[PDB]
Structure formats: C-alpha cells, structure tokens
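First comes one chain, alone, set out as structure tokens in the form deposited in one PDB entry.
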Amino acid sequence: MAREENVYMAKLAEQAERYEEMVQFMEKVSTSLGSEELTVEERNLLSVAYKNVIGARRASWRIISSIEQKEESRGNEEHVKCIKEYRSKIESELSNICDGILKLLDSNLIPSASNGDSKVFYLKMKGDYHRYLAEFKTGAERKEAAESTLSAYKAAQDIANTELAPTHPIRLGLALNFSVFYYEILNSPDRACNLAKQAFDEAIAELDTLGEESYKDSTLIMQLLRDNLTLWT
C-alpha cells in the first residue's frame, strides 16, 4: 500500500508543531520499507522532526543547567537538589531521543544507503546525534559518544570527499559540524580551523558553477564556516 499518508500526516504534524508526532510518523515511513530508500523529502522530514524534538530538550537542559549553577554559587542547596532531579529527567529524555534516531540509522537507514549523498547524510546524522549524547553524558558513556561522533564524521567525510561536490550543502554542513566538534568537544583548534578553511577554500574554487536555487543552499553554510574561522583565529 501507499503511505504517502504517514508522510502527509508528518507534514500536518509539522504545521501543528506537534514534533513528537512528526517523529512517530517518519519512524513509521522508515520501519515500513523493504529495499526502498527514503526520498530526499522523506529524510528531510525525519530530520526536521528529530531536530525539533531534541532542540526543545537541549534548550530546557541549558536553562536548567544555568539555574543549577547560579543556585550552587549562592549555597541554595534545597534548590540544587531539585534542579539536579529535573536535569536528570531531561537527560533521560535526551538519551532516549538520541537512542531512537541512532537505532533507526544503525539498523535501517545506514545499511541500505546506496548513493553517496545518502551515505554521507545518514553518517553525518549519526555523528550529529552521538555529538548530543556527548554534550551531557558523563564518564565512559561520554567517551564512547565523543568517539562514535569522530568515527561517524570521518567515515562521512571519506565519502563526501570523493562522491559529492565541494559545494554540496551535505558536505559543507558535515564540515561545519565536524569543525565545531573538533573545537568544542575534543579541544583541537588547529584541526577545527584547518578543515573549516579547507571546506571553505575548496568550495569557492568551484562556486562559479551553481544556480540561483543551488546558491542559497550552501552560501548560508559557507558564511557560518567563515565567521567561525575569524572568531577562532
């Protein structure tokens, strides 16, 4: 049967801003496939869905962490005990969300990507979500997450380097996250700045062969890489 229906429901879920439902709908598109790949449209929806569901918990996690620290500085110890419990609950959510998208990548989407844009897309996403585990996980789970990120970003760059134009927003967007993760989580500015400037230089080397729709895609990203290189200096 046709489940353009679940795709149509996911676009309604998006319009309604009911993102948890958007995820369940795109998870139903993905776990119903035999040999078929998600279209671009479909993989983009799955990604908008997870990005909005994880975004909201990341933002809760950041305000709850600021409060946790302001109250720790003031010696308000009953508050801290309460904030910690709340942070713990949000961490539980964050960790199950990451596990849901990782499980779908590891066992449906990555093993069935054929084109290279697809392989880079799913391997980047896998990295993106291990990076999110790494922002809050602790101990050995933080270490396994930082390594899973690096190794997914690397396997993605290997394929992006050969099989995708230097100007492709997947390859540029992979460069942006990879460069930021080297700097912010591995504390390696040399590397961060390097593959940033590499991704930028390479992509102006062929910027003189895009459309008026192809441009707005990768120009947005190219400018993000640029303001970081000047920032990072």
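The term rigid core refers to the most C-alpha atoms you can superpose between the two forms while keeping them within 1.5 Å. In this text, residue numbers run from 1 along the sequence as written.
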{"query": "74-82 or 124-132, whichever carries the higher mean Cα B-factor", "finding": "74-82"}
{"query": "Higher-scoring stretch by recorded Cα B factor average, 40-48 or 181-189", "finding": "181-189"}
{"query": "Selection from 88, 162, 148, 108 [criterion: highest C-alpha temperature factor in the record]", "finding": "162"}
{"query": "Chain-wide C-alpha B factor ranking for residue 166, given as lowest, middle or highest third", "finding": "highest"}
{"query": "Ranked against its chain, the third holding the CA B-factor of residue 194", "finding": "highest"}
{"query": "Among modelled residues of the same chain, the CA temperature factor third for residue 144", "finding": "lowest"}
{"query": "Residue 213, C-alpha B-factor rank within chain (lowest, middle or highest third)", "finding": "highest"}
{"query": "Third of chain Cα B-factors occupied by residue 112", "finding": "middle"}
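Quick note: we don't show the form deposited with a partner chain bound, though the next part is all about it.
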| item | value |
| --- | --- |
| Non-hydrogen atom within 4.5 Å of its partner chain in the bound PDB entry for each of 124, 128 and 170 | yes |
| Heavy atom contact within 4.5 Å of its partner chain in the bound PDB entry, the stretch among 203-211, 174-182, 188-196, 33-41 | 174-182 |
| Touches its partner chain in the bound PDB entry: residue 221 (any heavy atom, 4.5 Å) | yes |
| Heavy atom of residue 165 within 4.5 Å of its partner chain in the bound PDB entry | no |
| 4.5 Å heavy atom contact, residue 51 to its partner chain in the bound PDB entry | yes |
| Shift of residue 228 between the shown form and the other one at or above 2 Å (CA, core fit) | yes |
